[PDB]
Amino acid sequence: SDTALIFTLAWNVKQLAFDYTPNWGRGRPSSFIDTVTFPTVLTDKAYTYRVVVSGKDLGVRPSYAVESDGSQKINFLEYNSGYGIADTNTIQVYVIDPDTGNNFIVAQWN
């Protein structure tokens, strides 16, 4: 149960709103996935993202800006040598905590 975590967090931060429901964007051809966008990301740190495709770690790249609507986009073309990812591949996206280097899964395409 995550109830204890939520209230512990609430007491500490008082207010928080996030939405990491992955919005996958298709490129060209349409069978290719080229981006993922999170509606409302955390903004307390300069988070970065690592991408893994079919078991292969593509590494980290500089983050795009958190936009006015609070969303943040990850462009896979920047990680995959300029190409989108065939939707038959598995894709894992990890957010990275700059303070520790810890990696946390935030999106998974299967």
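Each residue number is its position in the shown sequence, starting from 1.
Student: Relative to the other modelled residues of the same chain, rank the CA B-factor of residue 86 and answer lowest, middle or highest third.
Tutor: Middle third by C-alpha B-factor.
Student: Could you place residue 50 in the lowest, middle or highest third of its chain by Cα temperature factor, using the values in the record?
Tutor: Answer is lowest: the recorded C-alpha B-factor places it there.
Student: By the recorded C-alpha temperature factor, relative to the other modelled residues in its chain, which third is residue 56 in?
Tutor: Lowest third of the chain for residue 56's C-alpha B-factor.
Student: For residue 37, does the deposited CA B-factor place it in the lowest, middle or highest third of the chain?
Tutor: According to the entry, residue 37 has a C-alpha B-factor in the chain's lowest third.
Student: Please place residue 20 in the lowest, middle or highest third of its chain by C-alpha B factor as given in the entry.
Tutor: Ranked within chain, residue 20 CA B lands in the middle tercile.
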